[PDB]
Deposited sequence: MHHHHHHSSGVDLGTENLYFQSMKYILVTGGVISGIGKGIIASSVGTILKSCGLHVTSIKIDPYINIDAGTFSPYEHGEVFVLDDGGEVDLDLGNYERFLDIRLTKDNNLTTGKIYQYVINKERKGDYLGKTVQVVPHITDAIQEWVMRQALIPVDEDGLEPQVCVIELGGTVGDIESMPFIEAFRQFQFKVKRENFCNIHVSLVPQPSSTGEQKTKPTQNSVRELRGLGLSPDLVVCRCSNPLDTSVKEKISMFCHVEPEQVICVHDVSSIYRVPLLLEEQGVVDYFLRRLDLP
């Protein structure tokens, strides 16, 4: 049965969910794991899953009486759609994908992503625990000069309330995170210090995979998801 990594973002946009999501795909592909991808775009466009897509799906489903005359809502009707859609895709490569990485676009706290964050809150409990993961990418600012953790505290705090607890907390730095600083992120985000990852400003994006690998993200995933 499918293994899932969800990648959510906090604090701001342009934080690098794309790069971490691909990097995690690449590190995983390089263990003989057949990995696959879903990009969720919370925007209303019908053009990979979008809000308009899943809404129009449910909207005309109702319009032809699939819901039997009773009132259709975000929970469970939209949220089920999203969860079913995810599972259909996780299967598409003729050997099936073993792990699936879900890039959730937008930022946690956004109104557009509320349905999607709720869908996955429900989904972690549907699939087993050993089959679902949550990587939260957040900004650790630093004006020259100490590295500031509160934005990530609050972001992780928000996501916890919305029902997901991050399993790694990947932090966008400029200079690497000091031990003390990620030990502080640990204190407040519930993960252990090794599960706080700094992806600092590397001069090129091909490093991010190596930057992830060497902070033990390969090893963690195998243990966390149970993987050959």
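Where C-alpha coordinates are absent, the deposited sequence of this PDB chain has the segments 1-21, 69-108, 155-158, 210-211.
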